[PDB]
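Down below is the structure, laid out as structure tokens.
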Amino acid sequence: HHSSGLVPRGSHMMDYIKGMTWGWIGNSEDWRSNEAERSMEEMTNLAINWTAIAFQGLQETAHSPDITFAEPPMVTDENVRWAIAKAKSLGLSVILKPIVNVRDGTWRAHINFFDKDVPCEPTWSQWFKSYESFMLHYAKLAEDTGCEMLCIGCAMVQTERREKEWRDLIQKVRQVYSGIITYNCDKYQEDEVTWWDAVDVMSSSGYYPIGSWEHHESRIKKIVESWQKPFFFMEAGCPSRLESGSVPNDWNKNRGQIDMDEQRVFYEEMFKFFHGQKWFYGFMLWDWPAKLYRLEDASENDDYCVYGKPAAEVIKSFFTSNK
Amino acid sequence: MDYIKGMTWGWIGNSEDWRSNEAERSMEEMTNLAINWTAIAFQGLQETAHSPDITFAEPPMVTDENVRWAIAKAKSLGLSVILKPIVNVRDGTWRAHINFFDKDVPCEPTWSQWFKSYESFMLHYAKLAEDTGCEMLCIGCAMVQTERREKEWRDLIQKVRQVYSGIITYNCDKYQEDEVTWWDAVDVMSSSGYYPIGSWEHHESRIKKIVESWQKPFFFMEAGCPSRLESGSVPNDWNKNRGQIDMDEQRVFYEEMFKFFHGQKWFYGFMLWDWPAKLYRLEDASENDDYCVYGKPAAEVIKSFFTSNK
Ligand SMILES: OC[C@H]1O[C@@H](O[C@H]2[C@H](O)[C@H](O)[C@H](O)O[C@@H]2CO)[C@@H](O)[C@@H](O)[C@@H]1O
Ligand SMILES: OC[C@H]1O[C@@H](O[C@H]2[C@H](O)[C@H](O)[C@H](O)O[C@@H]2CO)[C@@H](O)[C@@H](O)[C@@H]1O
């Protein structure tokens, strides 16, 4: 079958991940451009051996059951096959990461339905059927393209209690995708997912504030040892902005207030505490755009991207080191 | 407890509307339904379903003077009063989705922050309800995705009891009568009776069993139907078939509801939905698509029920 501990069953293959996320938010026009090719090649200078190909699907509100995918302006199946094959042509292993977003701008962590089925209301059953169609479409693409890993969700906090529905979705994914399955829980939620045993690898969003990494290493170590599964960060990063290090997840904080040093300090601290531990399997960083800004414009860029910034040198020297 | 023959007045709670001369004519006209109670309903506001701060008693919401006016006017007309402060969401999300993570997370709003804000809102109006002699206070309306927060609801009710000495109810949503674990903490159970045409006999049997399991009084804190095509199939859906008038659909809803819910000794009646502070002209009733029954055939079904033998 599939249940296992520290190492996924041989038929699904644990590598130490040196990764960068590519392509977010997933815009067909961006991925089809010439610039996308230059972007992905430049990303390889971080001395990564993995990339997460990340893109969005959409639902209207946090409480609507229908998810749309692979329609304008979202990525086409051809754009996705292109990105996977290009990555593999550059020597990278691939995590496919389909992520549902909400058109009204609500954070997907609030997607939620009543516990009680009510006749005139949307139900969990209707949303999970729609989510299953979305994730099974990309699980089949992941299989066809040889993606080493599939991430079956990202910080879906207010769905995680629906344990039978998550287990049922995973059983369907297993029937069409034979590689490694992970789920990406949100920051602070590593001990709150009751169904970690149903995936191959645990992962979370490492957006822990400056000054907290030593505490989180100790907290996470105990959680991972209690589950006896491999663990890595499926996202970790910080914008190059004033005070972003105190809330590295907050992509809306202090827009246009540039601070290259804040991003650098975040990375130095994260790598000081998370490195070679036998129970830890590395970093999928956040993030790198399909259309990359000019090196000359990097000192004025307020994004998560490390291209042209001091943090890039911290990452490169960590990923090419003997830790 | 009293058998409630009620109509909700003043929603959505607009200071300008309540301060107008028309508000007085509206509440007087409402008394011709042969009601003995009114629910004085008005909104408080939060930005989103996941924000912790509730604003109240600021423009364009009702002033404390507007609220004292409405309560005293109702009482001057011989009505008992339910005070019904209702939180709404500025972005238009239904309040039943107001919700926070079960786990407190440093960079996220918490249940503790929202309940503190909700407590400030409800305790402001609980004190007004005490000062004005309101017979009942309704401490919430269809707050479905908060109801699991049992310790925080009980703590709020303990605070309300210290400042308000009248009857307390909580208004659960349609189909949720058996889902609230803390009914013991209020005096009277209530729900939103928006059950579709063809379902009332079924719901009478369902609700009877729930109420007899709890051994508490029960009544509908809301019940009504817009005068619109097919509204009877989803009487709660205030956005359905706007401007498609059907006086008969509303009448048929009321006739069925009163056929199955009437004099049962475990049942304590109806607070209907609703009646506006600014009432349309009788000549315009035939073209009005609201819940309001004024000038419509359903008003005569209500009057004949409220003045009847049963
Ligand atoms: O959702 C669109 C925004 O995403 C941001 O990154 C988020 C992302 O949703 C992700 O899944 C993760 O958990 O947090 C990331 C950082 O907060 C940014 O890329 C932003 O530019 C997008 O608008
Ligand atoms: O919330 C504003 C709308 O309320 C509607 O009535 C609702 C109301 O919110 C109430 O609490 C209840 O549970 O359902 C009622 C009927 O659907 C209408 O009055 C509408 O006009 C308002 O815009």
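Convention: chains lettered A, B, ... in structure tokens order; per-chain residue numbering from 1; ligands numbered from 1 as shown.
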Please, which residues have at least one atom within 8 Å of an atom of ligand 2, using only C-alpha atoms and all ligand atoms, listed as number ranges by chain? B: 11-12, 86, 88, 92, 94, 141-142, 173, 192, 222, 224-225, 235-239, 273-274, 290-291
For the selection just defined, write its residues with N, CA, C and O atoms to a file, as a compact mmCIF listing (two decimals), in the first residue's frame.
# COMPACT_ATOMS: atom_id res chain seq x y z
N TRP B 11 -35.39 47.40 10.78
CA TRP B 11 -34.22 46.88 10.03
C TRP B 11 -34.06 47.66 8.72
O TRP B 11 -35.05 47.88 8.07
N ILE B 12 -32.85 48.10 8.39
CA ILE B 12 -31.54 47.59 8.89
C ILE B 12 -30.99 48.46 10.03
O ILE B 12 -29.93 48.17 10.52
N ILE B 86 -27.87 43.28 15.77
CA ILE B 86 -27.37 42.24 14.83
C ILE B 86 -26.07 42.75 14.19
O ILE B 86 -26.09 43.80 13.57
N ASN B 88 -23.55 42.84 11.17
CA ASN B 88 -23.40 42.60 9.73
C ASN B 88 -21.94 42.86 9.33
O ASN B 88 -21.14 43.39 10.14
N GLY B 92 -20.40 42.44 2.79
CA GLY B 92 -21.65 41.79 2.34
C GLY B 92 -21.70 40.32 2.68
O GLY B 92 -22.74 39.71 2.44
N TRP B 94 -22.50 37.05 4.59
CA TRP B 94 -23.51 36.65 5.59
C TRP B 94 -22.82 36.43 6.93
O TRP B 94 -21.77 35.76 6.96
N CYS B 141 -27.87 36.35 16.24
CA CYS B 141 -28.76 35.95 15.14
C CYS B 141 -27.97 35.16 14.09
O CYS B 141 -27.20 35.76 13.35
N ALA B 142 -28.11 33.83 14.11
CA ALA B 142 -27.60 32.95 13.05
C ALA B 142 -26.07 33.08 12.98
O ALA B 142 -25.52 33.08 11.85
N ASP B 173 -29.91 29.80 13.39
CA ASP B 173 -30.37 29.80 11.98
C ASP B 173 -31.34 28.65 11.69
O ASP B 173 -31.46 27.73 12.49
N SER B 192 -34.84 30.82 13.23
CA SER B 192 -35.31 31.51 12.02
C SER B 192 -36.15 30.53 11.22
O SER B 192 -35.58 29.64 10.58
N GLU B 222 -37.46 34.86 13.99
CA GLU B 222 -37.75 35.38 12.64
C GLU B 222 -38.60 34.36 11.90
O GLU B 222 -38.43 33.16 12.12
N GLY B 224 -40.78 34.65 7.81
CA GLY B 224 -41.35 35.53 6.78
C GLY B 224 -40.95 35.05 5.40
O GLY B 224 -40.15 34.09 5.27
N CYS B 225 -41.43 35.76 4.40
CA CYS B 225 -41.22 35.38 2.98
C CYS B 225 -41.44 36.60 2.12
O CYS B 225 -42.42 37.33 2.33
N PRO B 235 -37.45 30.91 1.42
CA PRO B 235 -37.95 32.14 2.03
C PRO B 235 -36.87 33.03 2.67
O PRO B 235 -37.06 34.23 2.77
N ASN B 236 -35.71 32.47 3.02
CA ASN B 236 -34.58 33.24 3.59
C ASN B 236 -33.82 34.05 2.54
O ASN B 236 -33.01 34.89 2.93
N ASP B 237 -33.95 33.72 1.25
CA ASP B 237 -33.05 34.27 0.21
C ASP B 237 -33.55 35.64 -0.22
O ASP B 237 -34.41 35.71 -1.11
N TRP B 238 -33.02 36.69 0.40
CA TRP B 238 -33.53 38.08 0.20
C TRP B 238 -33.05 38.61 -1.15
O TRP B 238 -33.50 39.67 -1.52
N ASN B 239 -32.22 37.86 -1.88
CA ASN B 239 -31.69 38.31 -3.20
C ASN B 239 -32.40 37.60 -4.35
O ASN B 239 -31.97 37.78 -5.49
N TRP B 273 -40.77 38.65 10.19
CA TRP B 273 -39.76 39.46 9.46
C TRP B 273 -40.40 39.96 8.15
O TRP B 273 -40.85 39.15 7.42
N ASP B 274 -40.39 41.26 7.88
CA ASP B 274 -40.09 42.35 8.83
C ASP B 274 -40.89 43.58 8.41
O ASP B 274 -41.59 43.53 7.45
N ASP B 290 -40.76 43.18 -1.05
CA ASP B 290 -40.06 43.02 0.26
C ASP B 290 -40.72 41.90 1.07
O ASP B 290 -41.84 41.45 0.76
N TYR B 291 -40.09 41.53 2.20
CA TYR B 291 -40.72 40.71 3.26
C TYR B 291 -41.99 41.37 3.82
O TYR B 291 -42.87 40.69 4.30
DSSP on the backbone: which residues in segment 186-284 of chain B end up as helix (DSSP H, G or I)? Give the answer as an mmCIF file with C-alpha atoms, in the first residue's frame.
data_model
loop_
_atom_site.group_PDB
_atom_site.id
_atom_site.type_symbol
_atom_site.label_atom_id
_atom_site.label_comp_id
_atom_site.auth_asym_id
_atom_site.auth_seq_id
_atom_site.Cartn_x
_atom_site.Cartn_y
_atom_site.Cartn_z
ATOM 1 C CA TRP B 200 -43.799 22.853 7.659
ATOM 2 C CA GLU B 201 -45.446 19.579 8.779
ATOM 3 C CA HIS B 202 -41.992 17.884 8.668
ATOM 4 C CA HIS B 203 -40.295 20.753 10.604
ATOM 5 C CA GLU B 204 -43.065 20.864 13.247
ATOM 6 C CA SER B 205 -42.344 17.186 14.024
ATOM 7 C CA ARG B 206 -38.510 17.710 13.954
ATOM 8 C CA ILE B 207 -38.601 20.869 16.166
ATOM 9 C CA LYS B 208 -41.114 19.380 18.632
ATOM 10 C CA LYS B 209 -38.635 16.536 19.433
ATOM 11 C CA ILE B 210 -35.708 18.973 19.861
ATOM 12 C CA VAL B 211 -37.657 21.329 22.164
ATOM 13 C CA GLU B 212 -39.023 18.432 24.273
ATOM 14 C CA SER B 213 -35.392 17.019 24.622
ATOM 15 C CA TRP B 214 -34.325 20.454 26.072
ATOM 16 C CA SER B 231 -39.696 32.827 -2.840
ATOM 17 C CA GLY B 232 -41.628 30.157 -0.889
ATOM 18 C CA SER B 233 -39.047 27.538 -1.980
ATOM 19 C CA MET B 247 -48.424 38.347 -3.505
ATOM 20 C CA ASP B 248 -49.840 34.782 -3.537
ATOM 21 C CA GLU B 249 -46.502 33.065 -2.805
ATOM 22 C CA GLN B 250 -46.113 35.081 0.470
ATOM 23 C CA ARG B 251 -49.787 34.363 1.470
ATOM 24 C CA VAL B 252 -49.306 30.578 0.859
ATOM 25 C CA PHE B 253 -46.108 30.587 3.004
ATOM 26 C CA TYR B 254 -47.971 32.199 5.941
ATOM 27 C CA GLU B 255 -51.040 29.942 5.599
ATOM 28 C CA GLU B 256 -48.876 26.791 5.735
ATOM 29 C CA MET B 257 -46.726 28.036 8.669
ATOM 30 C CA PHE B 258 -49.837 28.853 10.769
ATOM 31 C CA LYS B 259 -51.513 25.511 9.813
ATOM 32 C CA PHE B 260 -48.689 23.536 11.527
ATOM 33 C CA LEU B 282 -50.462 51.501 0.456
ATOM 34 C CA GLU B 283 -51.032 52.338 -3.239
ATOM 35 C CA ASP B 284 -47.524 50.954 -3.984
#
Kindly provide, as a PyMOL selection string, the residues of chain A having any atom no farther than 10 Å from an atom of chain B, counting only C-alpha atoms. chain A and resi 61-63+104+106-107+109-120+157-158+187-189+192+209+246-250
Would you output that residue set with N, CA and C atoms, as a short mmCIF file (atom, residue, chain, number, x, y, z; two decimals), in the first residue's frame?
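Saved result, selection_8.cif, follows:
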data_model
loop_
_atom_site.label_atom_id
_atom_site.label_comp_id
_atom_site.auth_asym_id
_atom_site.auth_seq_id
_atom_site.Cartn_x
_atom_site.Cartn_y
_atom_site.Cartn_z
N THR A 61 -15.69 33.06 -3.83
CA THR A 61 -15.65 33.50 -2.42
C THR A 61 -15.08 32.37 -1.58
N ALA A 62 -14.82 32.64 -0.31
CA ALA A 62 -14.34 31.63 0.65
C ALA A 62 -15.43 30.58 0.94
N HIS A 63 -16.68 30.83 0.58
CA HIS A 63 -17.81 29.92 0.90
C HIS A 63 -18.52 29.50 -0.39
N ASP A 104 -12.28 37.14 -4.62
CA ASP A 104 -12.59 38.36 -3.83
C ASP A 104 -11.40 38.76 -2.95
N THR A 106 -9.97 37.02 -0.41
CA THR A 106 -9.91 36.36 0.91
C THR A 106 -8.80 35.30 0.87
N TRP A 107 -7.99 35.26 1.90
CA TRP A 107 -6.92 34.26 2.07
C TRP A 107 -7.55 32.87 2.07
N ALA A 109 -6.97 30.21 3.49
CA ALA A 109 -7.02 29.61 4.83
C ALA A 109 -8.42 29.80 5.45
N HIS A 110 -9.24 30.72 4.93
CA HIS A 110 -10.61 30.91 5.46
C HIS A 110 -11.66 30.14 4.65
N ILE A 111 -11.30 29.43 3.59
CA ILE A 111 -12.28 28.62 2.84
C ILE A 111 -12.92 27.63 3.81
N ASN A 112 -14.25 27.62 3.85
CA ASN A 112 -14.97 26.96 4.96
C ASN A 112 -16.45 26.86 4.65
N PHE A 113 -17.06 25.80 5.17
CA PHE A 113 -18.50 25.54 5.01
C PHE A 113 -19.05 25.13 6.36
N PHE A 114 -20.37 25.19 6.49
CA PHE A 114 -21.02 24.68 7.72
C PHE A 114 -20.68 23.21 7.93
N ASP A 115 -20.53 22.81 9.18
CA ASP A 115 -20.33 21.39 9.57
C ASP A 115 -21.61 20.60 9.25
N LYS A 116 -22.76 21.25 9.42
CA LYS A 116 -24.08 20.62 9.14
C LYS A 116 -24.47 20.89 7.70
N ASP A 117 -24.75 19.85 6.92
CA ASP A 117 -25.38 20.03 5.60
C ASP A 117 -26.75 20.65 5.79
N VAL A 118 -26.97 21.77 5.13
CA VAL A 118 -28.26 22.51 5.15
C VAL A 118 -28.76 22.65 3.73
N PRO A 119 -30.07 22.43 3.45
CA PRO A 119 -30.55 22.35 2.08
C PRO A 119 -30.26 23.55 1.18
N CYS A 120 -30.34 24.76 1.71
CA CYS A 120 -30.23 25.93 0.84
C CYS A 120 -28.79 26.48 0.89
N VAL A 157 -6.34 25.95 6.05
CA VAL A 157 -6.46 25.76 7.52
C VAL A 157 -7.89 25.35 7.89
N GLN A 158 -8.88 26.09 7.40
CA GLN A 158 -10.29 25.88 7.81
C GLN A 158 -10.92 24.71 7.04
N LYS A 187 2.08 28.19 8.58
CA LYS A 187 2.90 28.58 9.75
C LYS A 187 2.13 28.26 11.04
N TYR A 188 2.83 27.64 11.99
CA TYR A 188 2.40 27.36 13.38
C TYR A 188 1.47 26.13 13.43
N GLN A 189 1.14 25.49 12.31
CA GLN A 189 0.03 24.48 12.28
C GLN A 189 0.59 23.06 12.17
N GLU A 192 -1.23 20.41 14.05
CA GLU A 192 -2.70 20.56 14.06
C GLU A 192 -3.36 19.73 12.95
N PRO A 209 9.19 34.62 12.36
CA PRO A 209 9.83 35.92 12.51
C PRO A 209 11.27 35.85 12.99
N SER A 246 9.61 40.71 10.87
CA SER A 246 8.77 40.46 12.06
C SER A 246 7.49 39.73 11.62
N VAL A 247 7.11 39.82 10.33
CA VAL A 247 5.90 39.13 9.77
C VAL A 247 6.19 38.72 8.33
N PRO A 248 7.10 37.76 8.14
CA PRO A 248 7.59 37.43 6.80
C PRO A 248 6.50 36.93 5.85
N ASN A 249 5.38 36.43 6.38
CA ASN A 249 4.24 35.96 5.54
C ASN A 249 3.43 37.14 4.97
N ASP A 250 3.57 38.35 5.53
CA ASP A 250 2.60 39.44 5.23
C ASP A 250 3.04 40.13 3.94
#
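Inspection of the environment of ligand 1, which uses only C-alpha atoms and all ligand atoms and a cut-off of 7 Å, identifies the neighbouring residues as residues 24, 25, 101, 154, 155, 186, 205, 235, 249, 250 and 251 of chain A.
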Could you write out the selected residues, including C-alpha atoms, as a compact mmCIF listing (two decimals), in the first residue's frame?
# COMPACT_ATOMS: atom_id res chain seq x y z
CA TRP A 24 3.54 32.26 -9.05
CA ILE A 25 0.80 33.39 -9.45
CA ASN A 101 -7.11 31.31 -4.52
CA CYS A 154 -1.37 24.91 0.78
CA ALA A 155 -2.46 26.39 4.15
CA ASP A 186 0.39 26.96 7.36
CA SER A 205 5.28 27.42 5.51
CA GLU A 235 7.60 27.61 1.53
CA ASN A 249 4.24 35.96 5.54
CA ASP A 250 2.60 39.44 5.23
CA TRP A 251 2.93 40.20 1.54
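Across the structure, atom CA of residue 233 of chain A and atom CA of residue 14 of chain A are spaced 13.9 Å apart.
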What's the 6 Å shell around segment 274-281 of chain A, counting only C-alpha atoms, without same-chain residues fewer than 6 positions away, as an mmCIF file with N, CA and C atoms, in the first residue's frame?
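And here's result.cif as it stands now:
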data_model
loop_
_atom_site.group_PDB
_atom_site.id
_atom_site.type_symbol
_atom_site.label_atom_id
_atom_site.label_comp_id
_atom_site.auth_asym_id
_atom_site.auth_seq_id
_atom_site.Cartn_x
_atom_site.Cartn_y
_atom_site.Cartn_z
ATOM 1 N N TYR A 16 17.267 15.614 0.099
ATOM 2 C CA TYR A 16 17.320 16.898 0.829
ATOM 3 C C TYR A 16 16.998 17.950 -0.234
ATOM 4 N N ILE A 17 15.953 18.720 0.001
ATOM 5 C CA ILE A 17 15.480 19.701 -1.004
ATOM 6 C C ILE A 17 16.168 21.062 -0.870
ATOM 7 N N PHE A 231 10.151 15.718 6.958
ATOM 8 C CA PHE A 231 9.596 17.085 7.083
ATOM 9 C C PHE A 231 10.517 18.019 6.328
ATOM 10 N N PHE A 232 9.957 18.958 5.582
ATOM 11 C CA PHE A 232 10.728 20.073 5.001
ATOM 12 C C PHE A 232 9.838 21.298 4.970
ATOM 13 N N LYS A 323 27.165 21.583 4.953
ATOM 14 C CA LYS A 323 26.232 21.299 6.089
ATOM 15 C C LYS A 323 25.087 20.414 5.589
#
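You will find atom CA of residue 270 of chain B at 8.0 Å from atom CA of residue 7 of chain B.
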Check segment 24-255 of chain B with DSSP on the backbone and list each residue it calls strand (DSSP E), as a ChimeraX atom specification. /B:37-46,80-89,136-141,167-172,188-192,218-222
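From atom CA of residue 109 of chain B back to atom CA of residue 163 of chain B, the distance works out to 27.9 Å.
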Do you know which residues are at most 12 Å from residue 222 of chain A counting only C-alpha atoms, after dropping those on the same chain fewer than 3 positions away, and could you put them as a PyMOL selection string? chain A and resi 190-191+215-219+225-229+231+279-280
Selection: 10 Å around residue 173 of chain A, only C-alpha atoms, excl. self and same-chain fewer than 6 positions, as a ChimeraX atom specification: /A:132,135-140,150,152,167,181
Determine, counting only C-alpha atoms, which protein, DNA and RNA residues have an atom within 7 Å of an atom of residue 80 of chain B; residues of the same chain fewer than 5 positions away are not included. Present the result as a ChimeraX atom specification. /B:36-38,75,135
Counting only C-alpha atoms, what are the residues of segment 250-274 of chain B within 12 Å of segment 188-191 of chain B, and for each of them which pair of atoms is the nearest and at what distance in Å, to one decimal? Sort the table by chain and rising number, as a Markdown table.
| residue | atom | partner | partner_atom | distance |
| --- | --- | --- | --- | --- |
| B:266 | CA | B:189 | CA | 10.8 |
| B:267 | CA | B:190 | CA | 10.0 |
| B:268 | CA | B:188 | CA | 9.3 |
| B:269 | CA | B:190 | CA | 9.9 |
| B:270 | CA | B:190 | CA | 9.6 |
| B:271 | CA | B:190 | CA | 9.7 |
| B:272 | CA | B:191 | CA | 11.4 |
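If only C-alpha atoms are the atoms counted, then among A:32, A:38, A:103, A:2 the closest residue to residue 57 of chain A is A:103.
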